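To keep things clear, I will list the structure first and then write my remarks on it.
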Amino acid sequence: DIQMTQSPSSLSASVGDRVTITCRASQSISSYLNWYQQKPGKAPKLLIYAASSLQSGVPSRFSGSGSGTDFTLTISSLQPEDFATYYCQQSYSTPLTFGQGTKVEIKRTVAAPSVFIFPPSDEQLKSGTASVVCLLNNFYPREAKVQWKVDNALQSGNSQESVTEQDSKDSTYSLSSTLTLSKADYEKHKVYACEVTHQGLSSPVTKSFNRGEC
Amino acid sequence: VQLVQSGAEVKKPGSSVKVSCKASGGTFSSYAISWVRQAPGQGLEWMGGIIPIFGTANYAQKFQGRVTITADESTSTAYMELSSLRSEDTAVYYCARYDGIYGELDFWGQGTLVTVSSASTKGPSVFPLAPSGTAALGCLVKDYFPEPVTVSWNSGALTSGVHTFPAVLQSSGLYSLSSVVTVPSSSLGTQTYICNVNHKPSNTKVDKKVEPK
């Protein structure tokens, strides 16, 4: 087995920066080195083969070089869509072996969230459960505080958040916070609020609804 | 120039899974097939490959004895069978096409997620996230197992402004996920919004319609 070692394993840069990823083989693989790009939840896509040849369709900012043991992938001016994990792979000899992968993330300017709140559906309350959903849309950086207040009482350990991966067009995030309680617990309170702290905001943004109000 | 893989499913430990790769339009002509897995959050691991027409298979010693790779020329389909399924086998399995000059894998299937679990499948419930100069609406896809679910908006029509979140695991043991989209307020009373949810392991399909509160 030929070991493949990439460096770095993770990396951050600004749009337009020169990015350089390194692949090293445990022994000579001539020029049988390929580079794949894998955006999240998607399948790997071939970028470079034979160490240095661009797959047709891949923009010219991508380029590859090296032979023997030492190989480099270069993005000459990083773009928002270049957000992905990048793998190297040797096909000089079986078994085929990959590098550990290098996650490339984009560094961009602060951007404020657009906050929304959704009361639970009617159909869901019939099943005896209430899911209250708060949405922070298109912001940077990832770090945010989302505070649930229920009749002006702060909540603890009854909500969960999920964050999207960096957007391929503007490099922002989006976040959902979901507060879940039984219909019974739900129907014992009136004010359902979502307080958001984020450094793209002058001060905290609160979105709320009153249970029952049309 | 496509490869299409079988749907994702759940399998009890100690059992077997056979995953299929349909080479589109009979393009087994001059293409090897490789199998590569990615355990969640991990990197890419090569399982093995087959030269379809000769039917000669090559396996990684890590998997020898547990995995069998086969091809069927009259169907244009590659097959990967993994037996004695353990929890460590929960992964997305990919087929790719291997080209024999440079050794590249120049096209990859979408991937099949195999989840090893004693628990049986459970399809999601889809709830609307009702909207109230831009406005947001969405769909709550709740209480399903295992992964994944796919969401699209209006059979593929709406894609701009669409955010589908990664599934979160709830204390109940089941996954939950929301998909949301931002649209102008004006298009509310006029335009129709239907989210399309597909949960392949339970063969559940749901098209819930989102309307103002």
Side-chain angles (χ1 to χ4, degrees), chain A residues 1 6 29 31-34 36 38 40-46 48-51 53 55 85 87 89-101 114 116-124 127 129 131 133 135 137-138 157 160-165 167 173-176 178 180 209, chain B residues 3 5 34 36 38 42-49 58-63 92 94 96 98-99 101-111 125-131 134-138 140 142-143 148 161 163-172 176-178 180 182 208:
Chain A
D1 291 31
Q6 291 182 240
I29 58 162
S31 287
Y32 291 98
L33 192 276
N34 313 310
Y36 308 92
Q38 188 185 25
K42 314 225 93 172
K45 178 164 172 283
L46 185 71
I48 303 279
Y49 55 92
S53 266
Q55 168 85 331
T85 313
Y87 301 83
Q89 176 260 318
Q90 70 87 12
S91 50
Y92 172 74
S93 143
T94 58
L96 301 185
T97 46
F98 295 83
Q100 78 284 350
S114 311
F116 305 82
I117 187 159
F118 304 84
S121 57
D122 286 324
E123 199 194 321
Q124 192 199 12
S127 78
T129 325
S131 280
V133 171
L135 172 69
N137 202 44
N138 301 358
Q160 295 182 282
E161 26 200 77
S162 176
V163 193
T164 54
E165 294 276 16
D167 188 69
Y173 298 97
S174 285
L175 181 143
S176 79
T178 300
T180 300
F209 69 96
Chain B
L3 303 150
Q5 306 197 211
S34 274
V36 175
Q38 190 171 57
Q42 307 306 283
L44 299 160
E45 211 172 9
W46 185 77
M47 302 175 74
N58 196 353
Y59 306 104
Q61 207 196 302
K62 203 215 168 188
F63 292 98
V92 169
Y94 292 106
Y98 179 98
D99 183 289
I101 301 293
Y102 303 110
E104 82 265 25
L105 305 160
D106 71 299
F107 197 90
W108 293 60
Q110 73 281 5
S125 309
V126 189
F127 304 119
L129 293 156
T134 60
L137 56 100
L140 176 57
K142 197 150 143 58
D143 289 335
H163 286 306
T164 290
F165 287 91
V168 324
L169 182 67
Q170 311 157 94
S171 49
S172 65
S176 149
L177 160 159
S178 27
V180 303
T182 48
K208 180 85 194 167

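Below, all heavy atoms of this structure are taken into account, side chains as well, without hydrogens, waters or symmetry copies. In the text below, chain A, chain B and the rest are named by the order of the sequence lines, each starting its count at 1.
If you measure heavy-atom distances from A/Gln124 to chain B, the contacts under 4.5 Å come from both the backbone and the side chain. Of the two parts of B/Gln61, neither the backbone nor the side chain holds a non-hydrogen atom closer than 4.5 Å to a non-hydrogen atom of chain A. Heavy-atom distances place the side chain of B/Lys142, and not its backbone, under 4.5 Å from chain A. For B/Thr164, the part lying near chain A is the backbone, with the side chain staying farther off; criterion is any non-hydrogen pair under 4.5 Å. Heavy atoms of B/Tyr59 lying under 4.5 Å from chain A are absent altogether. For A/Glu123, the parts lying under 4.5 angstrom from a heavy atom of chain B are both the backbone and the side chain. If you measure heavy-atom distances from B/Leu140 to chain A, the contacts under 4.5 Å come from the side chain alone. For B/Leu169, the part sitting under 4.5 Å from any heavy atom of chain A is the backbone (N, CA, C, O) and nothing else. With a threshold of 4.5 angstrom between heavy atoms, A/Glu165 does not approach chain B through any atom at all. For B/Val92, no part lies under 4.5 angstrom from a heavy atom of chain A. Residue B/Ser176 does not touch chain A at all, counting heavy-atom pairs closer than 4.5 Å.
Heavy-atom pairs under 4.5 Å with chain A peak, among B/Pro128, B/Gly161, B/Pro166, at B/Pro166. Heavy-atom pairs under 4.5 Å with chain B peak, among A/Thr97, A/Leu135, A/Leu33, at A/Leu135. Contact count versus chain B (heavy atoms, under 4.5 Å) is highest, among A/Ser174, A/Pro95, A/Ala50, for A/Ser174. Contacts with chain A were tallied for B/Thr182, B/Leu44, B/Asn58, B/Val168; B/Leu44 has the most, counting heavy-atom pairs under 4.5 Å. Comparing A/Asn137, A/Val133, A/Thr178 by heavy-atom pairs within less than 4.5 Å of chain B, the highest count is held by A/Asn137. Your options are A/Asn34, A/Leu96, A/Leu46, and the one with the most heavy-atom pairs under 4.5 Å with chain B is A/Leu96.
Distance CD/B/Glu104 to CD/A/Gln55: 7.5 Å, rounded to 0.5 Å. Atom OH of B/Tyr94 sits about 13.0 Å away from atom CG of B/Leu3, to the nearest 0.5 Å.
Judged by distance alone, with hydrogens and angles left aside, the side-chain atoms of A/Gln100 form a donor-acceptor pair with the main-chain N or O of A/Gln6 at under 3.5 Å. Without hydrogens or angle criteria, B/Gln170 side chain to B/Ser172 main chain gives no donor-acceptor distance under 3.5 Å.
For A/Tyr49, the ring pair (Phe, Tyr, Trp, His ring centres under 6.0 Å) partners two or more places apart in sequence, or in a different chain, are B/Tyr102. Take A/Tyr173 and apply the ring pair (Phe, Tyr, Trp, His ring centres under 6.0 Å) test, not counting sequence neighbours, and it matches A/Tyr140.
Using the six-membered ring where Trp is involved, A/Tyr36 and B/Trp108 have ring planes that are perpendicular, over 60° apart on the 30 and 60° scheme. The aromatic rings of A/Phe98 and A/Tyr87 sit perpendicular to each other, their planes meeting at more than 60°, with 30° as the lower class boundary.
The minimum heavy-atom distance between A/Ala43 and A/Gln38, with the atom names listed, is C-CG, 4.1 Å. Closest approach of B/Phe165 to A/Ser176, counting heavy atoms only: CE2-N, 3.4 Å.
Counting only N and O atoms by type, the side chains of A/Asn138 and B/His163 include a donor and acceptor under 3.5 Å apart.
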